[PDB]
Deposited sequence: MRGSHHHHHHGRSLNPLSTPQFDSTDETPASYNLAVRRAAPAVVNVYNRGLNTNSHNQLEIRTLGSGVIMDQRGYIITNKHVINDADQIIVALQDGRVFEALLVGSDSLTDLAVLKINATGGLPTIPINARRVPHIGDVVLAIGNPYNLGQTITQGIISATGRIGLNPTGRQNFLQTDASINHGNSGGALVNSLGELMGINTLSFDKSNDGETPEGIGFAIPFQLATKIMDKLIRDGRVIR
C-alpha cells in the first residue's frame, strides 16, 4: 500500500492554537536563587494576565514565567484564591502575547476529546490526550471536570483544551488515594474554564 497521500489522525491543530499560550511557571527561592516548585500557567489575555495554581507559586521569592517562543518574564502575583486553588499572575504585555482560545458558549460534554498541556517533571511542555470523564465533581464543595488525559507533577496550572484548542479547564489535581495499596490511573481534575475566568476576574479586581 501507499499511504503517502493519506493523512494521519491528529490533534496538532489544537496544539498549534493553544500550546503557545501555555507557559512554564517557576517558583524560585534563595539558595543564590534556585527553582523550588515548578508548574504551568495559561496566558488568558493581551493584558498579560496568567492563570496558574496557588500551590505552584506559594512562598516564592521570585515567580518566573517562560513562554514556548523563548521569552522569559518576571511575574507579579495579582492574587490567589484558596477556595478554588487558582492564582493570577501578571507579566509585561508590551511586545504582544499568545493567548488561549476561549469559546464562552462551548458546553463541555462527557466524552469530548481533550488535551492536557503543561510541564511535567520539567521535561518541557508536554501534550497528553484523554476525554472528559465527568463534570461537576468535588472537605470541599468545588466543581471539577474529570479527565483521563495523563496529568503529572508539573501539569498544575496548565490547560485542558478540546480538539478545537478551546480552553475547557485548568488542570489542578491528580487522584492518588488507594484503598488496597494499588495506584489510581487516569483520574485527574481541572477547574472548568467558566469558573476559572470568574475567579480570575474577581482576583484582578482584588475583590
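Missing from the model, by position in the deposited sequence, are residues 1-21, 53-57, 165-168, 238-241.
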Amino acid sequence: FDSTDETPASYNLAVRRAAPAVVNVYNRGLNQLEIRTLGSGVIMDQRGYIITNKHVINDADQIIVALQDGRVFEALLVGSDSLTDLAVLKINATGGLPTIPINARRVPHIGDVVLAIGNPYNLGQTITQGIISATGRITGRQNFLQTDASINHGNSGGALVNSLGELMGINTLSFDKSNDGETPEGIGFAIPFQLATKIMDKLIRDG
From here on, numbers count along this sequence of modelled residues.
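Take the two forms, superpose them, and find the largest set of C-alpha atoms that agree within 1.5 Å; that set is the rigid core.
Between stretches 186-194 and 11-19, the one whose Cα atoms sit farther from the displayed model in 4 other deposited structures of this protein on average is 186-194 (core-aligned, root mean square).
Taking 94-102 and 127-135 in turn, the stretch whose Cα atoms are more displaced from the shown form in 4 other deposited structures of this protein following rigid core superposition is 94-102. Coverage remark for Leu173: present in the model in all other entries compared whose chains are built on both sides, leaving no third without it. Coverage remark for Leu30: absent from the model in at least one third of the other entries compared whose chains are built on both sides. For the two regions 112-120 and 95-103, the entry's Cα B-factors average higher over 95-103. The PDB entry records a higher mean C-alpha B factor for 81-89 than for its counterpart among 123-131 and 81-89.
Comparing the C-alpha B-factors of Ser163, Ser40, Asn152, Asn179 in the entry, the top value falls on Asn179. Highest CA B-factor among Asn58, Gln68, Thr52, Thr147, as stated in the entry: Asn58. When the modelled residues of the chain are ordered by their C-alpha B factor, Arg16 lands in the middle third.
In the PDB entry, a CA B factor belonging to the lowest third of its chain's modelled residues is recorded for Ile170. Among the modelled residues of the chain, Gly158 sits in the lowest third by CA temperature factor in this PDB entry.
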